[PDB]
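**Student:** Okay, here's the structure, questions in a sec.
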Amino acid sequence: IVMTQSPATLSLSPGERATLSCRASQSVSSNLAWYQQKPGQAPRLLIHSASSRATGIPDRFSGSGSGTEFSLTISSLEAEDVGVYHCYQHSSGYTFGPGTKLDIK
Amino acid sequence: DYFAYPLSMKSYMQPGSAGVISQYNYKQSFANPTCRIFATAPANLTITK
Amino acid sequence: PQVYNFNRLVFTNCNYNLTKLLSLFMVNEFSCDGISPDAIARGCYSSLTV
Amino acid sequence: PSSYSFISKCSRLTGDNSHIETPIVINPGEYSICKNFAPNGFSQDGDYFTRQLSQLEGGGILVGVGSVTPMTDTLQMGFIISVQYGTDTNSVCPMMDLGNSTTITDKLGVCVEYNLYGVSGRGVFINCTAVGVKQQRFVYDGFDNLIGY
Amino acid sequence: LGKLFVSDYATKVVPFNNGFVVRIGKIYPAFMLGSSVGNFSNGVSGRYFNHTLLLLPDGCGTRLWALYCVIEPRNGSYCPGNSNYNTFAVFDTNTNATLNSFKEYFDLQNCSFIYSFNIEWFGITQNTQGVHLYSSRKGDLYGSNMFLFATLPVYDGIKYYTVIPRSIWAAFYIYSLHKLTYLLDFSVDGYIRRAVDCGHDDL
Amino acid sequence: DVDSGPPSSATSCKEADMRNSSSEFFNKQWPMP
Amino acid sequence: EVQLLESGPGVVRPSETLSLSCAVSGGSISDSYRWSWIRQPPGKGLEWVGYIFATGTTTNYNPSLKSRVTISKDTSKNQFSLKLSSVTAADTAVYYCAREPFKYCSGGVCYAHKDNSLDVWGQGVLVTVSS
Ligand SMILES: *[C@@H]1O[C@H](CO)[C@@H](O[C@@H]2O[C@H](CO)[C@@H](O[C@@H]3O[C@H](CO[C@H]4O[C@H](CO)[C@@H](O)[C@H](O)[C@@H]4O)[C@@H](O)[C@H](O[C@H]4O[C@H](CO)[C@@H](O)[C@H](O)[C@@H]4O)[C@@H]3O)[C@H](O)[C@H]2NC(C)=O)[C@H](O)[C@H]1NC(C)=O
Ligand SMILES: *[C@@H]1O[C@H](CO[C@@H]2O[C@@H](C)[C@@H](O)[C@@H](O)[C@@H]2O)[C@@H](O[C@@H]2O[C@H](CO)[C@@H](O)[C@H](O)[C@H]2NC(C)=O)[C@H](O)[C@H]1NC(C)=O
Ligand SMILES: *[C@@H]1O[C@H](CO)[C@@H](O[C@@H]2O[C@H](CO)[C@@H](O)[C@H](O)[C@H]2NC(C)=O)[C@H](O)[C@H]1NC(C)=O
Ligand SMILES: *[C@@H]1O[C@H](CO)[C@@H](O[C@@H]2O[C@H](CO)[C@@H](O)[C@H](O)[C@H]2NC(C)=O)[C@H](O)[C@H]1NC(C)=O
Ligand SMILES: *[C@@H]1O[C@H](CO)[C@@H](O)[C@H](O)[C@H]1NC(C)=O
Ligand SMILES: *[C@@H]1O[C@H](CO)[C@@H](O)[C@H](O)[C@H]1NC(C)=O
């Protein structure tokens with residue numbers, strides 16, 4: 001399939017309601033993850049279902065969605081969260097998203 | 001011997017059925033060479049549902 | 001239950017209303033070996049396994 | 001139920017680098033060793049299970065995989081019916097009204113159709129000295145033919 | 001009573017192929033039949049998983065309980081769920097005598113059925129119709145023929161049985177059953193007093 | 001579904017003297033084929 | 001905890017095979033569902049290279065790799081390696097050792113879905129094709 005992430009380079013400010021968005025070519029059976037990659041780092045998993053938060057992730061993260069549309073929602077824009085956010089799908093094949101990008105102002 | 005019959009109930013016309021079709025509606029006779037046939041009538045011909 | 005975890009009932013010394021059972025369920029296809037469904041309905045047997 | 005489900009793979013992976021995949025099959029009328037993973041039903045299609053069989057079970061790794069199909073509008077059931085003849089003193093009978101229990105004191109020496117505790121036929125009943133076991137209601141001869149009652 | 005004098009029977013696990021027949025004598029054997037067998041938290045073998053069949057004599061020989069439960073080893077001292085565990089046995093001091101001793105070791109949960117039979121030779125077989133119990137008491141007491149007295153709705157194939165130690169030299173012998181051909185001589189009264197095993201020898 | 005009676009209240013199990021088949025008490029053979 | 005360090009060269013000539021070795025340091029190979037390889041060309045997104053089942057010799061690969069990739073396991077040394085043949089300048093990337101975990105390993109039973117999200121990753125070894 002062909003995943004996509006809409007907000008391209010969504011620079012932000014400390015304290016927001018940051019809302020990402022990842023859309024799939026066809027519906028996935030909620031088998032969508034979220035990964036976060038700091039510059040020069042192995043990607044670090046965030047969510048392993050529509051909104052099934054993973055261990056060690058601060059509670060501020062809560063994605064949502066099913067089928068063909070998804071999102072990742074962050075309110076507390078903390079300096080230890082600036083980076084890149086891919087979306088991964090294993091419903092058909094195994095592919096990663098284009099990759100977003102965030103920064104402070 | 002022809003009659004209207006749903007395909008879903010074709011199991012109730014098999015030899016040896018204990019259902020209501022064999023007891024009260026029809027029971028096939030095997031005294032002659034016989035065949036049982038379930039089909040579908042033509043859609044827009046003279047046969048009226 | 002599912003096919004691999006089927007429930008088995010054994011009857012030995014009882015009477016049952018086969019008309020009630022057939023009035024409820026709607027048979028789609030049956031295939032018998034060594035006995036016929038009507039034979040079960042018109043006679044007794046030492047056991048019945050379901 | 002939530003959905004129809006059944007076992008798709010049930011194999012023993014032996015030893016070495018798990019390079020032998022021996023499938024474990026069932027005998028007619030018996031259960032599967034992979035039923036203990038999800039006895040109530042498989043949650044999703046293609047679920048993977050592993051288990052370490054002990055020395056009392058042949059050894060190796062038991063890998064089980066199940067498949068799930070969606071539920072239909074109407075629940076569809078499957079039945080396997082088996083019967084036995086001549087293996088009990090009593091019997092299972094359907095609701096067939098044979099009438100009422102009759103007496104043979106007026107019919108000794110006369111051939112009468114009978115249905116005695118599920119055993120039916122025709123024969124001639126003659127008063128006799130008791131032979132065979134009392135609790136075993138039927139005395140059969142050397143050819144499985146009833147000769148006493 | 002002090003310490004219990006028992007044997008290694010609680011830890012041995014033996015196969016259940018075609019069933020077994022038991023010669024009694026007076027004491028009555030206690031059995032633990034199940035399908036899946038492993039070992040406890042202490043490394044001692046003899047743990048039965050899932051539903052297990054118990055044949056526990058009770059009432060000073062006047063009753064035979066039959067249970068199909070899931071036994072959970074309790075974690076108390078000297079119990080199967082503890083760090084120290086040698087064996088388990090059923091002991092007398094009441095129609096619930098030996099059953100109460102068993103509950104001191106295991107906790108019975110999900111008991112499908114509990115049966116009691118009022119009560120030599122004993123035998124057990126399994127078939128598509130369940131586990132069948134046989135006894136010579138239903139026939140003539142002086143006789144040795146075993147008669148069916150209980151059909152039990154246990155349809156998982158029993159593969160192992162364990163003799164539970166009992167602490168009241170009463171000795172009993174367990175023989176394995178085989179799919180053999182026999183020549184049974186029925187007398188006039190119907191009981192078998194002479195048999196030939198066809199595969200025993202040439203004659 | 002059977003009640004099976006109340007759970008036992010015994011806090012600890014009773015110690016049992018373990019004897020192997022090699023002990024004279026249980027090694028006695030009285031054949032009964 | 002499982003940490004996955006990997007080792008291999010950094011410079012591979014055209015048509016010369018590329019071998020990497022990722023050794024697991026927590027638990028063992030047989031305490032997981034399947035072990036997978038992930039690559040990422042510089043600034044071009046991630047990419048799935050293939051995976052190997054922990055139990056059995058069943059393996060799956062990316063069809064876009066033209067069956068040039070062989071990933072095997074060796075329980076003796078507690079490692080699983082990767083071989084990509086006929087390497088090109090377009091194949092230069094950073095290769096991430098990965099793991100797919102069971103949802104639970106309780107009693108003696110481990111239960112995992114048919115496809116799960118990669119959970120614990122290695123640091124990654126950066127390769128290059130040049131002369
Ligand atoms: C014969 O006996 C064996 C026991 O030896 C049975 O095997 C057990 O089967 C049950 C039922 O399938 C299993 O129960 C499941 O256990 C999971 C354990 O994972 C976590 O939970 C425990 C709880 O303390 C933790 O200690 C453990 O470390 C894990 O963190 C549970 O997660 C399951 O609960 C969930 O199940 C599904 C998940 O999709 C959903 O319904 C719910 O979300 C639910 O919460 C479940 O309870 C058990 O693990 C098996 N092993 C053991 C040792 O008990 C056989 O099933 C039995 N054979 C039969 C009955 O035929
Ligand atoms: C039916 O037979 C019983 C049993 O008697 C046996 O069979 C007879 C044909 C004869 O061969 C007897 O010697 C056998 O013992 C009869 O019951 C007996 O009847 C006799 C005569 O009245 C009496 O002295 C006995 O005590 C009875 N014994 C028992 C156990 O009841 C019975 O009377 C016969 N009935 C008819 C209608 O013929
Ligand atoms: C077996 O069960 C059937 C179904 O309950 C019984 O048939 C019922 O008979 C009563 C008697 O008047 C009717 O009022 C019901 O309408 C019948 N139900 C049906 C036809 O579904 C039948 O009587 C039972 N067998 C016996 C021997 O009593
Ligand atoms: C002996 O113990 C058994 C436990 O299995 C008792 O049987 C149960 O007793 C409880 C409480 O009296 C009842 O609620 C259950 O219905 C009984 N079940 C069965 C299968 O019997 C038994 O009652 C005890 N004996 C006496 C004399 O009380
Ligand atoms: C007890 O059970 C464990 C379960 O894995 C097994 O490894 C061990 O070998 C068993 N004990 C013996 C003496 O076999
Ligand atoms: C066993 O008993 C427990 C206790 O109530 C119950 O929660 C569970 O559903 C029972 N299991 C079965 C299979 O009946």
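Residue numbering restarts at 1 for every chain of the structure tokens, chains are lettered A, B, ... in their displayed order, and ligands are numbered from 1 as they appear.
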Counting only C-alpha atoms, what is within 6 Å of region 3-20 of chain F, bar same-chain residues fewer than 6 positions away, as a ChimeraX atom specification?
**Tutor:** /E:3-8,76-79,103-104
**Student:** Kindly assemble as CSV a list of the chain G residues that lie within 12 Å of ligand 1, each paired with its nearest atom pair and their distance in Å to one decimal, using only C-alpha atoms and all ligand atoms, sorted first by chain and then by ascending residue number.
**Tutor:**
```
residue,atom,partner,partner_atom_place_in_ligand_line,distance
G:102,CA,ligand 1,19 (O),10.6
G:103,CA,ligand 1,19 (O),8.1
G:104,CA,ligand 1,19 (O),5.4
G:105,CA,ligand 1,28 (O),6.9
G:106,CA,ligand 1,28 (O),5.2
G:107,CA,ligand 1,53 (C),4.0
G:108,CA,ligand 1,53 (C),6.9
G:109,CA,ligand 1,51 (N),6.6
G:110,CA,ligand 1,49 (O),8.7
G:111,CA,ligand 1,17 (C),9.0
G:112,CA,ligand 1,39 (O),10.2
G:113,CA,ligand 1,39 (O),10.2
```
**Student:** Under the rule of at most 10 Å, produce a per-residue listing of chain D near ligand 2: chain, number, name, the closest pair of atoms, and the distance in Å, as JSON lines, using only C-alpha atoms and all ligand atoms.
**Tutor:**
```
{"residue": "D:104", "atom": "CA", "partner": "ligand 2", "partner_atom_place_in_ligand_line": "37 (C)", "distance": 9.6}
{"residue": "D:105", "atom": "CA", "partner": "ligand 2", "partner_atom_place_in_ligand_line": "37 (C)", "distance": 6.5}
{"residue": "D:106", "atom": "CA", "partner": "ligand 2", "partner_atom_place_in_ligand_line": "37 (C)", "distance": 9.2}
{"residue": "D:108", "atom": "CA", "partner": "ligand 2", "partner_atom_place_in_ligand_line": "37 (C)", "distance": 8.8}
{"residue": "D:126", "atom": "CA", "partner": "ligand 2", "partner_atom_place_in_ligand_line": "38 (O)", "distance": 8.5}
{"residue": "D:127", "atom": "CA", "partner": "ligand 2", "partner_atom_place_in_ligand_line": "1 (C)", "distance": 4.9}
{"residue": "D:128", "atom": "CA", "partner": "ligand 2", "partner_atom_place_in_ligand_line": "7 (O)", "distance": 4.6}
{"residue": "D:129", "atom": "CA", "partner": "ligand 2", "partner_atom_place_in_ligand_line": "6 (C)", "distance": 4.1}
{"residue": "D:130", "atom": "CA", "partner": "ligand 2", "partner_atom_place_in_ligand_line": "6 (C)", "distance": 7.0}
```
**Student:** Could I get the residue neighbourhood of ligand 5 at 9 Å, counting only C-alpha atoms and all ligand atoms, as JSON, numbers by chain?
**Tutor:** {"D": [52, 53, 54, 55, 56], "E": [38, 39, 40, 41, 42, 43, 44, 45], "G": [108]}
**Student:** Could those residues be written to a file, using C-alpha atoms, as a PDB file, in the first residue's frame?
**Tutor:**
```pdb
ATOM      1  CA  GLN D  52       7.114 -27.011  25.632  1.00  0.00           C
ATOM      2  CA  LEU D  53       6.032 -30.641  25.857  1.00  0.00           C
ATOM      3  CA  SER D  54       7.519 -32.627  28.731  1.00  0.00           C
ATOM      4  CA  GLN D  55       9.238 -36.011  28.540  1.00  0.00           C
ATOM      5  CA  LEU D  56       5.838 -37.620  29.181  1.00  0.00           C
TER       6      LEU D  56
ATOM      7  CA  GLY E  38       3.501 -32.403  34.648  1.00  0.00           C
ATOM      8  CA  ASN E  39       5.220 -31.577  37.932  1.00  0.00           C
ATOM      9  CA  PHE E  40       4.653 -29.235  40.855  1.00  0.00           C
ATOM     10  CA  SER E  41       6.488 -26.081  41.916  1.00  0.00           C
ATOM     11  CA  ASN E  42       8.933 -28.182  43.970  1.00  0.00           C
ATOM     12  CA  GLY E  43       9.978 -30.347  41.016  1.00  0.00           C
ATOM     13  CA  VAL E  44       8.029 -33.360  42.294  1.00  0.00           C
ATOM     14  CA  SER E  45       6.147 -35.144  39.529  1.00  0.00           C
TER      15      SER E  45
ATOM     16  CA  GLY G 108       4.677 -22.632  29.122  1.00  0.00           C
TER      17      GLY G 108
END
```
**Student:** Using only C-alpha atoms, determine which residues lie at most 10 Å from residue 20 (chain B), disregarding the query and same-chain residues fewer than 4 positions distant; provide the list as a ChimeraX atom specification.
**Tutor:** /B:12-13,24-26 /C:19,22-23
**Student:** Please save N, CA and C atoms of the selected residues as a PDB file, in the first residue's frame.
**Tutor:**
```
ATOM      1  N   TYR B  12     -34.683 -32.035   3.051  1.00  0.00           N
ATOM      2  CA  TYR B  12     -35.836 -32.707   3.633  1.00  0.00           C
ATOM      3  C   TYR B  12     -36.553 -33.615   2.647  1.00  0.00           C
ATOM      4  N   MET B  13     -36.070 -33.709   1.410  1.00  0.00           N
ATOM      5  CA  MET B  13     -36.622 -34.616   0.416  1.00  0.00           C
ATOM      6  C   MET B  13     -35.702 -35.800   0.138  1.00  0.00           C
ATOM      7  N   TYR B  24     -45.715 -35.859   5.559  1.00  0.00           N
ATOM      8  CA  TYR B  24     -46.998 -35.223   5.302  1.00  0.00           C
ATOM      9  C   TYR B  24     -47.136 -34.578   3.931  1.00  0.00           C
ATOM     10  N   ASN B  25     -46.047 -34.369   3.196  1.00  0.00           N
ATOM     11  CA  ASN B  25     -46.108 -33.630   1.944  1.00  0.00           C
ATOM     12  C   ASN B  25     -45.774 -34.487   0.731  1.00  0.00           C
ATOM     13  N   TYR B  26     -44.605 -35.116   0.707  1.00  0.00           N
ATOM     14  CA  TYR B  26     -44.229 -35.954  -0.420  1.00  0.00           C
ATOM     15  C   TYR B  26     -43.213 -36.986   0.038  1.00  0.00           C
TER      16      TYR B  26
ATOM     17  N   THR C  19     -39.526 -34.896  17.621  1.00  0.00           N
ATOM     18  CA  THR C  19     -40.306 -33.887  16.911  1.00  0.00           C
ATOM     19  C   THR C  19     -39.931 -32.484  17.374  1.00  0.00           C
ATOM     20  N   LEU C  22     -36.443 -31.507  15.822  1.00  0.00           N
ATOM     21  CA  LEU C  22     -36.492 -31.207  14.395  1.00  0.00           C
ATOM     22  C   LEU C  22     -37.348 -29.983  14.104  1.00  0.00           C
ATOM     23  N   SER C  23     -38.322 -29.686  14.964  1.00  0.00           N
ATOM     24  CA  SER C  23     -39.108 -28.473  14.785  1.00  0.00           C
ATOM     25  C   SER C  23     -38.266 -27.225  15.010  1.00  0.00           C
TER      26      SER C  23
END
```
**Student:** Step by step, measure atom-to-atom distances between ligand 3 and each residue using only C-alpha atoms and all ligand atoms, keep those at most 10 Å, then write them as a ChimeraX atom specification.
**Tutor:** /C:16-24 /D:94-97
**Student:** Could I get the residue neighbourhood of ligand 4 at 12 Å, counting only C-alpha atoms and all ligand atoms, as JSON, numbers by chain?
**Tutor:** {"E": [54, 56, 58, 59, 63, 64, 65, 66, 67, 68, 69, 94, 95, 96, 97, 98, 99, 100, 101, 102, 103, 107, 108, 109, 110, 111, 112, 113, 114, 115, 116, 117], "F": [1, 2, 3, 4, 5, 6, 7, 8]}
**Student:** Keeping only N, CA and C atoms, write those residues as a compact mmCIF listing (two decimals), in the first residue's frame.
**Tutor:**
```
# COMPACT_ATOMS: atom_id res chain seq x y z
N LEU E 54 -11.11 -38.24 40.03
CA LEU E 54 -10.72 -38.81 41.31
C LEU E 54 -11.66 -39.95 41.67
N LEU E 56 -12.14 -41.80 44.93
CA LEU E 56 -11.74 -41.75 46.33
C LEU E 56 -12.69 -42.58 47.19
N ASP E 58 -14.44 -43.85 50.57
CA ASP E 58 -14.76 -43.05 51.74
C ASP E 58 -15.83 -43.77 52.56
N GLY E 59 -16.14 -43.20 53.72
CA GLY E 59 -17.12 -43.78 54.61
C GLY E 59 -16.72 -45.12 55.18
N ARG E 63 -18.52 -46.13 50.70
CA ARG E 63 -18.82 -45.16 49.66
C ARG E 63 -17.61 -44.99 48.76
N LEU E 64 -17.88 -44.64 47.50
CA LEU E 64 -16.85 -44.36 46.50
C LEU E 64 -17.20 -43.05 45.81
N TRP E 65 -16.55 -41.96 46.21
CA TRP E 65 -16.74 -40.69 45.53
C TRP E 65 -16.11 -40.73 44.14
N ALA E 66 -16.74 -40.02 43.21
CA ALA E 66 -16.23 -39.85 41.85
C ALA E 66 -16.32 -38.37 41.50
N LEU E 67 -15.17 -37.73 41.31
CA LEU E 67 -15.11 -36.30 41.04
C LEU E 67 -14.37 -36.05 39.74
N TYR E 68 -14.80 -35.01 39.03
CA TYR E 68 -14.14 -34.55 37.81
C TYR E 68 -13.95 -33.04 37.97
N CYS E 69 -12.85 -32.67 38.62
CA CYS E 69 -12.60 -31.29 39.03
C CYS E 69 -11.25 -30.85 38.48
N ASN E 94 -17.86 -40.92 59.62
CA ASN E 94 -17.95 -39.71 58.81
C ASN E 94 -17.91 -40.06 57.33
N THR E 95 -18.99 -39.75 56.63
CA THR E 95 -19.10 -40.06 55.21
C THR E 95 -18.17 -39.21 54.34
N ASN E 96 -17.56 -38.17 54.90
CA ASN E 96 -16.65 -37.29 54.18
C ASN E 96 -15.25 -37.36 54.77
N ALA E 97 -14.78 -38.57 55.06
CA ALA E 97 -13.50 -38.73 55.75
C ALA E 97 -12.32 -38.55 54.79
N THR E 98 -12.23 -39.41 53.77
CA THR E 98 -11.09 -39.32 52.86
C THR E 98 -11.20 -38.11 51.94
N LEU E 99 -12.41 -37.67 51.64
CA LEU E 99 -12.58 -36.48 50.80
C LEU E 99 -12.05 -35.24 51.50
N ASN E 100 -12.26 -35.13 52.81
CA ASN E 100 -11.76 -33.98 53.55
C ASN E 100 -10.23 -33.95 53.55
N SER E 101 -9.60 -35.12 53.64
CA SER E 101 -8.14 -35.17 53.58
C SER E 101 -7.62 -34.66 52.25
N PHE E 102 -8.30 -35.02 51.15
CA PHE E 102 -7.86 -34.58 49.83
C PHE E 102 -7.95 -33.06 49.69
N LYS E 103 -9.02 -32.46 50.22
CA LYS E 103 -9.18 -31.02 50.14
C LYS E 103 -8.11 -30.28 50.93
N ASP E 107 -7.44 -27.71 46.11
CA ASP E 107 -8.70 -26.99 46.11
C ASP E 107 -9.48 -27.36 44.86
N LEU E 108 -10.69 -27.86 45.04
CA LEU E 108 -11.51 -28.35 43.94
C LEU E 108 -12.29 -27.20 43.33
N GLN E 109 -12.04 -26.92 42.05
CA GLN E 109 -12.75 -25.88 41.32
C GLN E 109 -13.20 -26.42 39.97
N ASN E 110 -14.35 -25.94 39.52
CA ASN E 110 -14.96 -26.36 38.25
C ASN E 110 -15.24 -27.86 38.24
N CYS E 111 -15.87 -28.35 39.31
CA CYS E 111 -16.24 -29.75 39.40
C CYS E 111 -17.44 -30.00 38.50
N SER E 112 -17.21 -30.72 37.39
CA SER E 112 -18.30 -31.00 36.46
C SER E 112 -19.37 -31.88 37.10
N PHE E 113 -18.95 -32.90 37.85
CA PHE E 113 -19.90 -33.77 38.52
C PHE E 113 -19.22 -34.41 39.72
N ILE E 114 -20.01 -34.65 40.77
CA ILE E 114 -19.58 -35.41 41.94
C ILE E 114 -20.60 -36.50 42.18
N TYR E 115 -20.15 -37.75 42.13
CA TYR E 115 -21.02 -38.91 42.27
C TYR E 115 -20.59 -39.74 43.47
N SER E 116 -21.56 -40.44 44.06
CA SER E 116 -21.30 -41.34 45.18
C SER E 116 -21.97 -42.67 44.90
N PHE E 117 -21.22 -43.76 45.06
CA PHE E 117 -21.72 -45.11 44.84
C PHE E 117 -21.61 -45.90 46.13
N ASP F 1 -20.01 -27.03 37.79
CA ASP F 1 -21.20 -26.39 38.33
C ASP F 1 -21.55 -26.93 39.71
N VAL F 2 -20.95 -28.06 40.07
CA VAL F 2 -21.23 -28.68 41.36
C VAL F 2 -20.59 -27.87 42.47
N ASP F 3 -21.28 -27.77 43.61
CA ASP F 3 -20.81 -26.94 44.71
C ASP F 3 -19.49 -27.45 45.27
N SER F 4 -19.34 -28.76 45.39
CA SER F 4 -18.14 -29.46 45.85
C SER F 4 -17.83 -29.21 47.32
N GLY F 5 -18.67 -28.48 48.05
CA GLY F 5 -18.46 -28.26 49.46
C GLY F 5 -17.57 -27.06 49.74
N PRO F 6 -17.54 -26.63 51.00
CA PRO F 6 -16.74 -25.46 51.34
C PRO F 6 -15.26 -25.76 51.22
N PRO F 7 -14.44 -24.76 50.89
CA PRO F 7 -12.99 -24.98 50.86
C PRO F 7 -12.45 -25.28 52.24
N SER F 8 -11.43 -26.13 52.28
CA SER F 8 -10.87 -26.57 53.55
C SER F 8 -10.16 -25.42 54.26
```
**Student:** For chain C, work out the contacting residues on chain E at 10 Å, counting only C-alpha atoms, and write them as a PyMOL selection string.
**Tutor:** chain E and resi 128-130+151-155
**Student:** I'd like the neighbourhood of residue 42 (chain G) as a list in words, where a residue qualifies if any of its atoms comes within 12 Å (using only C-alpha atoms), though same-chain residues fewer than 6 positions away should be ignored.
**Tutor:**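 The residues satisfying every condition are residues 39 and 40 of chain A; 89, 90, 91, 92, 93, 94, 95, 126, 127 and 128 of chain G.
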**Student:** Would you mind writing down, as a VMD selection string, each residue of chain D that DSSP on the backbone assigns to strand (DSSP E)?
**Tutor:** chain D and resid 3 to 12 22 to 23 47 to 50 52 to 53 60 to 70 82 to 84 93 to 94 111 to 116 119 to 124 139 to 140 146 to 148
**Student:** Please identify which residues in region 17-122 of chain D DSSP calls helix (DSSP H, G or I) from the backbone, and express them as a PDB file with N, CA, C and O atoms, in the first residue's frame.
**Tutor:**
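Once everything was written out, this is out_12.pdb:
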```pdb
ATOM      1  N   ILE D  33      -4.604 -31.844  20.557  1.00  0.00           N
ATOM      2  CA  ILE D  33      -3.712 -31.347  21.596  1.00  0.00           C
ATOM      3  C   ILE D  33      -3.586 -29.833  21.539  1.00  0.00           C
ATOM      4  O   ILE D  33      -3.192 -29.207  22.530  1.00  0.00           O
ATOM      5  N   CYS D  34      -3.929 -29.219  20.411  1.00  0.00           N
ATOM      6  CA  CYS D  34      -3.880 -27.772  20.269  1.00  0.00           C
ATOM      7  C   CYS D  34      -5.176 -27.094  20.685  1.00  0.00           C
ATOM      8  O   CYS D  34      -5.303 -25.878  20.514  1.00  0.00           O
ATOM      9  N   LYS D  35      -6.141 -27.842  21.221  1.00  0.00           N
ATOM     10  CA  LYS D  35      -7.375 -27.222  21.683  1.00  0.00           C
ATOM     11  C   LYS D  35      -7.193 -26.505  23.010  1.00  0.00           C
ATOM     12  O   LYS D  35      -8.023 -25.662  23.364  1.00  0.00           O
ATOM     13  N   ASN D  36      -6.127 -26.813  23.748  1.00  0.00           N
ATOM     14  CA  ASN D  36      -5.923 -26.208  25.055  1.00  0.00           C
ATOM     15  C   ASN D  36      -5.434 -24.769  24.975  1.00  0.00           C
ATOM     16  O   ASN D  36      -5.404 -24.088  26.004  1.00  0.00           O
ATOM     17  N   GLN D  55       8.778 -34.691  28.958  1.00  0.00           N
ATOM     18  CA  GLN D  55       9.238 -36.011  28.540  1.00  0.00           C
ATOM     19  C   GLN D  55       8.086 -37.002  28.452  1.00  0.00           C
ATOM     20  O   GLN D  55       8.153 -37.964  27.679  1.00  0.00           O
ATOM     21  N   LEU D  56       7.028 -36.785  29.227  1.00  0.00           N
ATOM     22  CA  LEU D  56       5.838 -37.620  29.181  1.00  0.00           C
ATOM     23  C   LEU D  56       4.965 -37.338  27.968  1.00  0.00           C
ATOM     24  O   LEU D  56       3.855 -37.874  27.884  1.00  0.00           O
ATOM     25  N   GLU D  57       5.435 -36.513  27.028  1.00  0.00           N
ATOM     26  CA  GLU D  57       4.609 -36.122  25.894  1.00  0.00           C
ATOM     27  C   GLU D  57       5.367 -36.157  24.572  1.00  0.00           C
ATOM     28  O   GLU D  57       4.837 -35.677  23.562  1.00  0.00           O
TER      29      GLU D  57
END
```
**Student:** Do me a favour and pick out the residues of chain D within 6 Å of chain G, using only C-alpha atoms, as number ranges by chain.
**Tutor:** D: 18-19, 46-51
**Student:** Out of C:45, C:14, C:31, C:1, which residue has the shortest atom-to-atom distance to ligand 6 when counting only C-alpha atoms and all ligand atoms?
**Tutor:**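 Of C:45, C:14, C:31, C:1, the one nearest ligand 6, counting only C-alpha atoms and all ligand atoms, is C:1.
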**Student:** Identify, on the basis of only C-alpha atoms, every residue whose closest approach to region 97-99 of chain A does not exceed 12 Å; exclude the query and any residue fewer than 5 positions from it along the same chain; express the result as a PyMOL selection string.
**Tutor:** (chain A and resi 1-10+20-25+32-38+43+70+83-90) or (chain G and resi 40+43-47)
**Student:** Emit the selected residues as an mmCIF file, in the first residue's frame, including C-alpha atoms.
**Tutor:**
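File produced: out29.cif:
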```cif
data_model
loop_
_atom_site.group_PDB
_atom_site.id
_atom_site.type_symbol
_atom_site.label_atom_id
_atom_site.label_comp_id
_atom_site.auth_asym_id
_atom_site.auth_seq_id
_atom_site.Cartn_x
_atom_site.Cartn_y
_atom_site.Cartn_z
ATOM 1 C CA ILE A 1 0.000 0.000 0.000
ATOM 2 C CA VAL A 2 0.905 3.694 0.093
ATOM 3 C CA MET A 3 0.660 5.356 3.487
ATOM 4 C CA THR A 4 0.772 9.121 3.899
ATOM 5 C CA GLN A 5 1.192 11.781 6.576
ATOM 6 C CA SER A 6 -0.439 15.123 5.925
ATOM 7 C CA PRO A 7 1.042 17.897 8.106
ATOM 8 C CA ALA A 8 4.523 17.716 6.507
ATOM 9 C CA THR A 9 6.675 20.001 8.687
ATOM 10 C CA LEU A 10 4.364 20.952 11.562
ATOM 11 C CA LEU A 20 -0.731 14.454 13.492
ATOM 12 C CA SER A 21 -2.553 12.562 10.752
ATOM 13 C CA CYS A 22 -1.630 9.392 8.854
ATOM 14 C CA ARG A 23 -3.854 8.077 6.061
ATOM 15 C CA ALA A 24 -3.609 4.710 4.307
ATOM 16 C CA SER A 25 -4.400 3.845 0.697
ATOM 17 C CA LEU A 32 -1.210 0.852 12.857
ATOM 18 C CA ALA A 33 1.660 1.911 15.103
ATOM 19 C CA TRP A 34 3.462 5.168 15.824
ATOM 20 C CA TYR A 35 7.234 5.536 16.012
ATOM 21 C CA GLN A 36 9.394 8.462 17.089
ATOM 22 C CA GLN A 37 12.915 8.990 15.779
ATOM 23 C CA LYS A 38 15.284 11.562 17.224
ATOM 24 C CA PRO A 43 13.191 4.499 16.203
ATOM 25 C CA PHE A 70 -5.623 8.020 11.880
ATOM 26 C CA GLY A 83 11.545 15.034 16.374
ATOM 27 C CA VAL A 84 10.177 12.773 13.634
ATOM 28 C CA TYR A 85 7.039 10.625 13.797
ATOM 29 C CA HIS A 86 6.519 7.737 11.379
ATOM 30 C CA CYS A 87 3.407 5.584 11.137
ATOM 31 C CA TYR A 88 3.779 1.840 10.621
ATOM 32 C CA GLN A 89 1.222 -0.604 9.260
ATOM 33 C CA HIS A 90 1.306 -4.402 9.219
ATOM 34 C CA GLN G 40 16.676 3.020 5.886
ATOM 35 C CA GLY G 43 16.761 10.446 4.295
ATOM 36 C CA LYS G 44 14.461 8.069 2.420
ATOM 37 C CA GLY G 45 12.213 6.462 5.049
ATOM 38 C CA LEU G 46 12.375 3.017 6.584
ATOM 39 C CA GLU G 47 12.022 -0.261 4.704
#
```
